[PDB]
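Asks: before the rest arrives, take these chain(s) from the complex:
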Amino acid sequence: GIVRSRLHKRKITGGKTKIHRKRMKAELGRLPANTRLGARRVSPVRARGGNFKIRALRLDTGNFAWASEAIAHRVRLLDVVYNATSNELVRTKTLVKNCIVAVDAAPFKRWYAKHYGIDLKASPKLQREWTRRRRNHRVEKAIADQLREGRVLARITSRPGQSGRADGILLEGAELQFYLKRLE
Amino acid sequence: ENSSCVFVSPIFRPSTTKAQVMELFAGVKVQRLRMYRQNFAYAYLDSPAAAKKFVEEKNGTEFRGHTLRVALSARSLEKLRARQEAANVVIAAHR
């Protein structure tokens, strides 16, 4: 079937190689997954050595981490907004590594108020560690601006077609400003 | 053997004041509470003989909140006292 060998390629001199051996099982390839947004659906694949790969076909949930605060939460994917390979992947709504997605911002706002006591806590009580850690700590306006909007941009950091997961990280700093200019 | 001072545990400095420890335990010659251990005190007895630990309050009488333990420290007073003037000779070595 599909192969990953160099026997069918031309030499650097432009010549053609005469193949005198049949295709081997050790150099096979497989058809891509083309993961998409939707209800979860995966299929296992038996790889070399008896191991298993989880070929994800549709996903709508993942683990996203706030690097500045070193936390993580499980949220729901909302849309695909940018793809460096081709915007036809944005139209088709496929999920691959390093693509830019928008995730639910509700869980992160709740953790923000529970930790730093800021609302974008019915009784103050004796718990006044808010001022203890609010010193020498600031939040960029770009992150906070979209937190109150409802969704926040994130970057997919896992390979969905090889492990069956869509995990990511929230965009901050210069990376956030790079993609906000292209999207406008 | 040697009976000069006793070791007091586990009294805590941030919770007990200087006067409060003096009430339960009698230390005549010297008294000091240690913070690195935060459960250690060194008090010297003038005439302990068998010391307060052997007669009673060894490990059963218990202190406020926690059970108390005492033993013989095998340290006397005149040694650490003597090193002070030896340390006083260097306190004046430099101005």
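Replies: Perfect, thanks for sending it. Residues are numbered from 1 along each chain as shown, chains lettered A, B, ... in the order given.
Asks: Mind checking what secondary structure residue A:178 has?
Replies: Of the three states, residue A:178 takes helix under DSSP: H, G, I helix; E, B strand; the rest coil.
Asks: Just give the number of residues close to it.
Replies: Using other C-beta atoms under 10 Å in any protein chain shown, the number of residues around residue A:178 comes to 10. For every residue, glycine as well, the C-beta is placed using N, CA and C.
Asks: State the distance from it to residue A:65.
Replies: Using C-beta to C-beta, to the nearest Å, we find residue A:178 at a distance of 20 Å from residue A:65.
Asks: same thing with residue B:78?
Replies: Residue B:78 is 64 Å from residue A:65, by C-beta to C-beta.
Asks: A helix includes residue A:142, no?
Replies: Yes: membership of residue A:142 in a helix is supported by three-state DSSP.
Asks: Give the bridge partners for the most centrally placed residue in chain A, please.
Replies: In chain A, the centroid-proximal residue (C-alpha atoms, centre = their mean) is residue A:156; its distance is 1.3 Å. Applying DSSP bridges to residue A:156 gives these bridge partners: residue A:168.
Asks: mind checking how far it is from residue B:11?
Replies: Distance of residue A:156 to residue B:11, given as C-beta to C-beta: 58 Å.
Asks: and the residue nearest to the spatial centre of chain B, which of the three is it?
Replies: The structure's chain B has its C-alpha centroid closest to residue B:42; by C-alpha atoms, centre = their mean the separation is 1.5 Å. Here residue B:42 is strand, with the state taken from three-state DSSP.
Asks: chain center to the helix of greatest length in chain B, what's the gap?
Replies: When chain B is parsed with DSSP state H, its longest helix is helix B:78-91. Centre-to-centre, helix B:78-91 and its host chain are 19 Å apart (C-alpha atoms, centre = their mean, to the nearest Å).
Asks: quick revisit: okay, residue B:78 and residue A:65: which has more neighbours?
Replies: Comparing residue B:78 with residue A:65 by neighbour count (other C-beta under 10 Å), the higher total belongs to residue A:65, at 16 against 8.
Asks: where does the more buried one land in three-state SS?
Replies: Counting by three-state DSSP, the backbone at residue A:65 sits in strand.
Asks: hang on, it packs against residue A:72?
Replies: Yes: Residue A:65 is in contact with residue A:72 according to C-beta atoms under 8 Å; the separation is 4.1 Å.
Asks: Chain C comes next; put it on the structure above:
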Amino acid sequence: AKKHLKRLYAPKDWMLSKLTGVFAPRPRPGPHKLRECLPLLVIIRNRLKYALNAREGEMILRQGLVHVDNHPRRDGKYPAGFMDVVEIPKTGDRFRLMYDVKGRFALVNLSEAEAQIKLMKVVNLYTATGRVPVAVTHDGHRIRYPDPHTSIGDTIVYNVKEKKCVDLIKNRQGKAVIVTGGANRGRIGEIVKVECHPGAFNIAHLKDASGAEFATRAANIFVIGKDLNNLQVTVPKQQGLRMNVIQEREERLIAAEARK
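Replies: Just below you will find chain C, in place on the chains above:
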């Protein structure tokens, strides 16, 4: 994949006649490498002469009458190797596998309280789960708590009967070694100076007891004692002393002349 071994392809350290058969027994994976091992069937049948053929060699082995490192072995393809203790309690003979001065395998007789220890060279160190240090020896053993001063290339004195290490010998200037590979195999020398070439092989210079000078790769040396006087292991008769072929030919001619 491969399961057979042609007799011509078998290592020459064994003594197998090309005219006796087509095949040789292929050793199984285990403590020692295929090219540097002596299978148990060769020891029982071709060296000790206890078994006349391979049918009788299976009767002895499958009964568990041969103990290697204080453990019965019932496989005739077991790869016994360097610094291994072989004991047959029924006949009461204990041996140790060493290299003679020429380079061939030699069986050295042992006694009690000497057949209870063996020397192992450390080839790797790594950290296992729970942050424990593990050392891998030249015969596949894994020690789970070595001396904190252990390093790669050192020799660990082991106790096979009770299974803990007893002593450690470090590898540095002024030590007794035995060469286990190359053209100088089986020669007992004394480390003089080691050249360190990063990325490539390290060369070690050694001097014999008689004063002869020779060199070899650092991976082929095996520390066995503090110096040539107090060795921690019994060596073969020649004590790793290589002699000239000219003189060697003369003495055998004279000895055989007066042999009758």
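Asks: before we move on, back to that, can you name the residues that contact the residue nearest to the centre of chain B?
Replies: By C-beta atoms under 8 Å, 6 or more residues apart in numbering or on different chains, the contact set of residue B:42 is B:5-8, B:30-32, B:34, B:73, B:75.
Asks: Each with direction, which strands does the longest strand along chain C pair with?
Replies: The single longest strand within chain C, with elements called by DSSP state E, is strand C:117-128. Strand C:117-128 pairs in its sheet with strand C:132-137 (antiparallel), strand C:155-159 (antiparallel), by DSSP bridges.
Asks: Identify each buried residue in the longest one, please.
Replies: By 16 or more other C-beta atoms under 10 Å in any protein chain shown, the buried positions in strand C:132-137 come out as C:135-137.
Asks: returning to that earlier point: what about the residue nearest to the centre of chain B, distance to residue B:34?
Replies: From residue B:42 to residue B:34 the distance is 7 Å (C-beta to C-beta).
Asks: ok, now residue C:147?
Replies: According to C-beta to C-beta, residue C:147 and residue B:34 sit 37 Å apart.
Asks: ditto for residue C:145
Replies: According to C-beta to C-beta, residue C:145 and residue B:34 sit 36 Å apart.
Asks: The two: which is more packed in?
Replies: Per other C-beta under 10 Å, whichever of residue C:145 and residue B:34 has more neighbours is residue B:34, with 15 against 11.
Asks: surely the more buried one meets residue B:40?
Replies: Yes: using C-beta under 8 Å, residue B:34 is in contact with residue B:40, at 4.1 Å.
Asks: does residue C:145 really touch residue C:133, like I thought?
Replies: Yes: contact criterion C-beta under 8 Å: residue C:145 and residue C:133 qualify, at 6.9 Å.
Asks: which residues in chain A form strands?
Replies: Here chain A has its strands, by DSSP E, at A:36-37, A:41-46, A:52-59, A:61-66, A:71-82, A:100-104, A:151-156, A:168-170.
Asks: Tabulate those (JSON lines), appending distance to residue C:238.
Replies: As requested, the strands of chain A are exported to JSON lines (distance: least, C-beta to C-beta, whole Å):
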{"stretch": "strand A:36-37", "distance to residue C:238": "77"}
{"stretch": "strand A:41-46", "distance to residue C:238": "59"}
{"stretch": "strand A:52-59", "distance to residue C:238": "59"}
{"stretch": "strand A:61-66", "distance to residue C:238": "69"}
{"stretch": "strand A:71-82", "distance to residue C:238": "69"}
{"stretch": "strand A:100-104", "distance to residue C:238": "76"}
{"stretch": "strand A:151-156", "distance to residue C:238": "70"}
{"stretch": "strand A:168-170", "distance to residue C:238": "69"}
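Asks: slot chain D in:
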Amino acid sequence: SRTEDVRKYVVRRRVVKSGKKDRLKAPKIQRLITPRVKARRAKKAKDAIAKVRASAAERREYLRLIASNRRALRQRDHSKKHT
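Replies: Take a look at chain D, now in place beside the chains above:
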């Protein structure tokens, strides 16, 4: 009942052969737990925890040796510096 014996309730089939004593054949009972195998099962859990206990002791010995070696260097440095 849960405690009644079952070895006496096995079905036995009779085979008759001319000029031979009749023989009775019964199936061998399987999954029958005896006091021999109850001691076998409980034995396994005994050395499973014993082996884990031994490894913790081996860990404590190593940490003592590491710490004591590190302590001797402090005394040697302080002994020379003070004296």
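Asks: and the buried residues of strand C:132-137, now that chain D is part of it?
Replies: Judged by neighbour count using 16+ other C-beta under 10 Å, the buried positions of strand C:132-137 are C:133, C:135-137.
Asks: next one: stretch C:79-98
Replies: C:79-88, C:94-98.
Asks: Alongside chain C, which residues does chain D contribute?
Replies: Neighbours of chain C within chain D, by C-beta under 8 Å from any C-beta of the partner chain: D:58-59, D:61-62, D:65-66, D:69.
Asks: thinking again about what came up before, pairing partners for the residue nearest to the centre of chain B in the sheet, please.
Replies: residue B:7, residue B:32.
Asks: give the contact list for residue 89.
Replies: You didn't say which chain, so I picked chain A. Under the criterion of C-beta under 8 Å, 6+ apart, the neighbours of residue A:89 are A:80, A:83, A:96, A:99.
Asks: meant chain C actually
Replies: C:65, C:67.
Asks: For it, give its distance to residue C:113.
Replies: In this view, residue C:89 and residue C:113 are 16 Å apart by C-beta to C-beta.
Asks: try residue B:5
Replies: For residue B:5, the distance to residue C:113 equals 54 Å [C-beta to C-beta].
Asks: So for those two, which residue has more residues nearby?
Replies: residue B:5 (25 against 8).
Asks: and the more buried one, what does it touch?
Replies: Contacts for residue B:5 (C-beta under 8 Å, 6+ apart) come out as B:29-30, B:42-45, B:73, B:75-77.
Asks: can you do 10 Å?
Replies: Counting by C-beta atoms under 10 Å, 6 or more residues apart in numbering or on different chains, residue B:5 touches B:27, B:29-32, B:41-45, B:48, B:51, B:72-77, B:80.
Asks: And residue C:146, by the same measure?
Replies: Residue C:146 neighbours (C-beta under 10 Å, 6+ apart): C:122, C:125, C:133-135, C:137, C:154, C:156, C:165, C:168, D:62.
Asks: That one is in what secondary structure piece?
Replies: Following DSSP states H and E, one finds residue C:146 outside all helices and strands.
Asks: where's the residue nearest to residue A:58 when sequence neighbours are not counted relative to residue C:158, distance?
Replies: Spatial nearest neighbour of residue A:58, excluding adjacent residues (C-beta to C-beta, 6 or more residues apart in numbering or on different chains): residue A:38 at 3.7 Å. Distance, residue A:38 to residue C:158, by C-beta to C-beta: 61 Å.
Asks: next one: residue B:38
Replies: Distance from residue B:38 to residue C:158, by C-beta to C-beta: 47 Å.
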